[PDB]
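What follows are structure tokens for two forms of the same protein chain, given separately as structure 1 and structure 2.
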Structure 1
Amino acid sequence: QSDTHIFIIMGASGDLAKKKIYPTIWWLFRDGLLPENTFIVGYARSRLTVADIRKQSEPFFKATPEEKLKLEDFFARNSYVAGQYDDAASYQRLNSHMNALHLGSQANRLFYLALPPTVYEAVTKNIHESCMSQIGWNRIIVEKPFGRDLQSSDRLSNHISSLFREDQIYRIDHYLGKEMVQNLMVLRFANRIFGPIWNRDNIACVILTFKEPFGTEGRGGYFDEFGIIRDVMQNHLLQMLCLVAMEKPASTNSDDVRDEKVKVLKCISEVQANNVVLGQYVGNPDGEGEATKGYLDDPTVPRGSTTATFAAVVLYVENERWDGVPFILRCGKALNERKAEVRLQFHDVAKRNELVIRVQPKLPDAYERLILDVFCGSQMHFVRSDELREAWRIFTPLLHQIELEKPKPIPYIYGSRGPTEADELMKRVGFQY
């Protein structure tokens, strides 16, 4: 709204800030992609200085010796405030420090909640009363997990949105690849092209695939508390199902396309276990490297976890355009390839034909383009509150059933395509009407 932006990294001492946030804002500043008059303010309990953050974070900058002048300028625009996350006087110190900066009264304020959502409720509250800007805009970036089921997510989201309008809430998701936004970009363009063709009439079956060739790799501990449905399917695969099935948006406003996505979601009823095949990856005997270790063989995994590392799920959009048309969401870790495709099978009058859409896995990458979108205010590649609510409604009964019955997942060897029961399930839904 003006020329002066303050980038507040709430929880600047942590892993996400050290390894990712600080490096990518350094890159955006270096490549000249930030607003010229930008200040960076870390905020966290541990008593640090800008020098400490530089010490522990510049290793990840890939800083070359001919970049040292812009790098010194960058850290000259940097500052750090210690404080507690529910302490009034602490947020007072933060707010007045920001007011002290050049044009800071005025300035736009972008809060990055690099914190476990467990503290979100406190932070979003205190910001709301203490640190919001009176002139410039205020935009909060919230991070996964957006809850773990419909109930928890509704609690967290109702809290956040009772304090900020939806054009201030940016739910960010970026851990699946540098090519991650181009996926949705080309699926939007492809929906615009192929709209008149994408019917129940021409299409018999739609499969969306996210295969990764690596395992959990010494971090199965974190993954185990969520599952492959929460990690890849409920958020990403579901959005690209939306982008495939949606109608022509009213325009290219972020909100018309998000309206169409939510209109899609409101016609998918809740997925049930018979339409689901869960799998867990085991070590490769004859392979080598991280392949000799399986999932349970990761030290950080609790003994005997039934957490699925692979899932195949069948959804149905239930309107006049798509009915009895099965949408097959297939994803998993430690597979054969690193594939991220969308196939659409057709009705022949001949073998059987099929259209394929692949991201071969514009120079700003996924997370970089996302931070630039929050700067520009382009909310397109962020999930809206109702979109999130509908996703969680679709998947919560199933996740609850898993957590209750601990259904033993189907084992598959590191490097396999996955359980053959998944191919069984695909073969089963040859609807033919």
Structure 2
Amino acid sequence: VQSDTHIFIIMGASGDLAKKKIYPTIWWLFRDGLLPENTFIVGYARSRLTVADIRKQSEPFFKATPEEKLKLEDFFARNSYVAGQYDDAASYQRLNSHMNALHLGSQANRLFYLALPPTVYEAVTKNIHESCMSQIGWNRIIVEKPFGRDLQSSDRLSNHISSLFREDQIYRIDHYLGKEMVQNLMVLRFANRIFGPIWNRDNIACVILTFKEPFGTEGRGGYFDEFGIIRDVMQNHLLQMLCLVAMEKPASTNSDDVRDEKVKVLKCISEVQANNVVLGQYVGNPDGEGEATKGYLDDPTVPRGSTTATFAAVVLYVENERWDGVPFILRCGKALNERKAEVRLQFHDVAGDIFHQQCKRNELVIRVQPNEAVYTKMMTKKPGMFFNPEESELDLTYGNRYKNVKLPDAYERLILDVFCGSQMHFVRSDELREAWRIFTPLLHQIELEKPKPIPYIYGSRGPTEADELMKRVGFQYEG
């Protein structure tokens, strides 16, 4: 419900991230009438392009119906492109002049989407700060990963940026925080009683945060290798999920009241020991099809003799009254058997058994994807003419209960949040700090010693050794 004019600046428009995620995503929001009326889109890159060009290369990506022709015409009518250089100050001054010329560009709120490489980040933020900033309206910078590789590399940038911009201006992206069920963890936990008395070490045996992809690095091992999986999905995604699951109740649903509690949790976490860790690497599958018979080292982009993991099983620990002793198992990997992002709370066994070991540990499962759902695995009396216990479940499936309700992409809701000034779902400075504090030591070690990752066949569940790190830590599987 805004009247303020808006400028959405996509830095690196000729890019692939902007051309296939950012542009299309902002189209979806323009179409669905989710953006303020007076909103302009400006793309900025070296390549000397026209709005005819940006459209030609992006439209194949808008998933547009011929009934939207008019809305498309209207969207691009509000689009412009400014060719400029990334480390040049005059190019940036032009960008600014262009914006001021836009209708009310002077008082408009500027939203800068950094769709560039991190190698560029500093130059761009330093340059935007000087030239490209509004003085009447607010200015906000949308950032993304990676936010460094080391704790030193990140604090290096965190501080550079933190010196020109405030935190109420920085919006760092962890798209998982834009995911429906991930976002649901808060209401589920804090709006429900049935899930309160049980949310502790007293009742929970262990917690599992799972990341699974059926495919692996796809002829793109080059970029990956310098990254590993931990730095790729663990330090960010998996960890964020953990927070929302372990954090205490905030004073409010307020942006920075919530974030404090997330940091509070990361601070109760001691460092990952290389004894509770289990790395793996994907070798090919001789009995498969296509890319499936190709290992990771079977990639030319892939350095010759890599100790880089494409699978990691890790046990973290939240040292406080609520979780003191409860193992948090973060199991992430590519080249696995399926696509799954989920949170799982395996509850302890019941005291005093009158059912003769017939019962199986209860479980709360939040399936981020696919098939959005929150279900409770428990025991029921075997239906019919039987008296024994049986494993059953109470479910909430978005597919049946909420058949005809579209769940938005993380970007749509996350971009929309930057338009609203809602940082609650964006990573905060101190958060990154703590995330690096935990993994940095381990990630370093993996570099000095360069351990040999356990191999696993493409389409497998990963290295068996991880499963044992699980049972050893307190996980029971039968069911």
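Counting starts at 1 with the first residue of structure 1 and goes up one by one along its sequence. The term rigid core refers to the most C-alpha atoms you can superpose between the two forms while keeping them within 1.5 Å.
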property	result
Core-superposed comparison between structure 1 and structure 2: the option from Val262, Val81, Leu101, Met185 whose CA moves 2 angstroms or more	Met185
Exceeds or equals 2 Å, Cα of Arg219 between structure 1 and structure 2, core fit	yes
Core-superposed comparison between structure 1 and structure 2, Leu176 Cα displacement 2 Å or beyond	yes
Core fit, then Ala340 C-alpha moves 2 Å or more between structure 1 and structure 2	yes
Shift in Å of the C-alpha at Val301 between structure 1 and structure 2 after core superposition	2.2
Distance moved by the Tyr367 C-alpha between structure 1 and structure 2 (core-aligned, Å)	1.4
